[PDB]
Amino acid sequence: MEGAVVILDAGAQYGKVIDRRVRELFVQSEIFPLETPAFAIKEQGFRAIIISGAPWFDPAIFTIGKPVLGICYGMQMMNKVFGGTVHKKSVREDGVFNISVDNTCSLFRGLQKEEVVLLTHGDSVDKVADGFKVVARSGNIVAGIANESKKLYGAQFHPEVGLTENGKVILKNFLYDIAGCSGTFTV
C-alpha cells in the first residue's frame, strides 16, 4: 500500500537483507516475487521499488514513474531496459573496494568523494544507457548510475551490507530524500 517500499530480490536471501535495512530506517516494506507485474505494484500504491540480485522480471517496473533503486544485478537490468549493455564476468572476485563517488548526486549526499564499498564477483555495465550519468566508478568499472529526472538510481555495489561503510546513508538518501518515505511510525 501507500508509503511502502516493494523489494524484488533475485538473490539467495530472498529480499531479507535489504528488508532489514528498510525496517531499521522505519519504512514499511514488502518482499514480493521478482516476476510481480508492474501494473500490480502501481495498483497497490507502493511509493518506491528496490530491485536487487536468467530470472524474469517485468521491464515496466522501470517505466511507471516510481522511484527505483537497482542494486547490483538490479542496476544491470535498469541499464539494459533503457538501451545499455553489460560486460560479462568483469568483476572476477568479491572484494571491498574504495571507489570514486559523485557527491552531488542525490543518492550519494553526505558521502566523501571516495567511499569503501562491497562489490561481488560478476558483471558490470559497459555502454551506459542514454539519459543516465555515471555517478561512481573505479577504472573500467562503472559502480553507479543515475537518471535524476526519472528518479532511477543504480549501484553496482551492495549498500545493504555493513561492509559497505556508508550503505545506510545511501538507503536513507533513496528512501527519504528521493522517494519521500517518512521515517516515522505510529505506536
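The rules we used
- Residue labels reflect position in each chain's written sequence, counted from 1, rather than necessarily the entry's numbering. Residues lacking coordinates are not shown.
- Values shown for side chains rest on all heavy atoms present in the structure; no hydrogens or waters enter the calculation.
- Residues with missing side-chain atoms are left out of burial classes, side-chain pairs and their counts.
- Each helix corresponds to a stretch of at least 4 residues labelled H or I by DSSP, and each strand to a stretch of at least 2 residues labelled E; elements are numbered beginning at the N terminus.
- Type-normalised accessible area, obtained with a 1.4 Å probe on protein chains alone, sets the label of each residue: buried when under 20%, exposed when over 50%, and partly exposed for intermediate values.
- Contact between two residues is taken to exist if any of their heavy atoms lie within 4.5 Å; hydrogens are not considered.
- The rule for pairing is simple: two strands pair if DSSP sees at least two bridges between them.
- Here the axes come from fitting lines to C-alpha atoms, over the contacting stretch only for helices, and the angles between their N-to-C directions go from 0 to 180 degrees.
- To be clear, the arc concerns the directions from the helix axis to the C-beta atoms.
- Buried residues of nine kinds, namely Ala, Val, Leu, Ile, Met, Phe, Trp, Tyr and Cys, make up a nonpolar core once their side-chain atoms join them within 4.5 Å.

## Things to note about the side chain of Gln 156
Then, in step 1: Of note, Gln 156 is situated in the loop between β11 (152-155) and α4 (167-178).
Then, in step 2: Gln 156 gets classed as buried once you look at its relative accessible area, which sits at 2%.
Then, in step 3: For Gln 156, the contacting residues outside a window of four places in its chain are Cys 72, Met 75, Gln 76, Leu 119, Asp 123, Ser 124, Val 125, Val 142 and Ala 143.

## Details of the sheet that holds strand β10 (residues 141-147)
Then, in step 1: The 9 strands lie next to each other as β2-β1-β3-β4-β11-β10-β9-β6-β7, forming an open sheet whose pairing is mixed. The outermost strands of the open sheet, each flanked by one partner alone, are β2 (29-32) and β7 (114-119). Averaged over all neighbouring strand pairs, the angle between strand axes comes to 25°, with direction disregarded.
Then, in step 2: Taken together, the 5 bridges between strand β9 (residues 133-138) and β10 define a ladder with antiparallel strand orientation.

## Let's talk about helix α1 (residues 16-24)
Then, in step 1: If you check which residues of α1 are buried, you get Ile 18, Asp 19, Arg 21 and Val 22. Buried positions in α1, seen along its axis, are confined to an arc of 160° and lie on one side of it. Turned more than 90 degrees away from the buried face of α1 sit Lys 16, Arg 20 and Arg 23, all of them exposed.
Then, in step 2: Summarising the contacts, the buried residues of α1 are in contact with β1 (5-9), β2, β3 (48-52), β4 (68-71) and α4.

## Describing the nonpolar core
Then, in step 1: Formed by 33 residues in total, the largest nonpolar core has its most connected members in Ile 50, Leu 69, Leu 107, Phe 108, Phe 157, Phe 174 and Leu 175.
Then, in step 2: Ranked by residue count, the leading element in this core is α4, at 5 residues.
Then, in step 3: Aside from chain neighbours lying at most four places away, what touches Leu 69 is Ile 49, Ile 50, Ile 51, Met 78, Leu 107, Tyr 153, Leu 171 and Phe 174.
Then, in step 4: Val 6, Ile 49, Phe 57 and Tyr 73 belong to the second largest nonpolar core, which has 24 residues in total.

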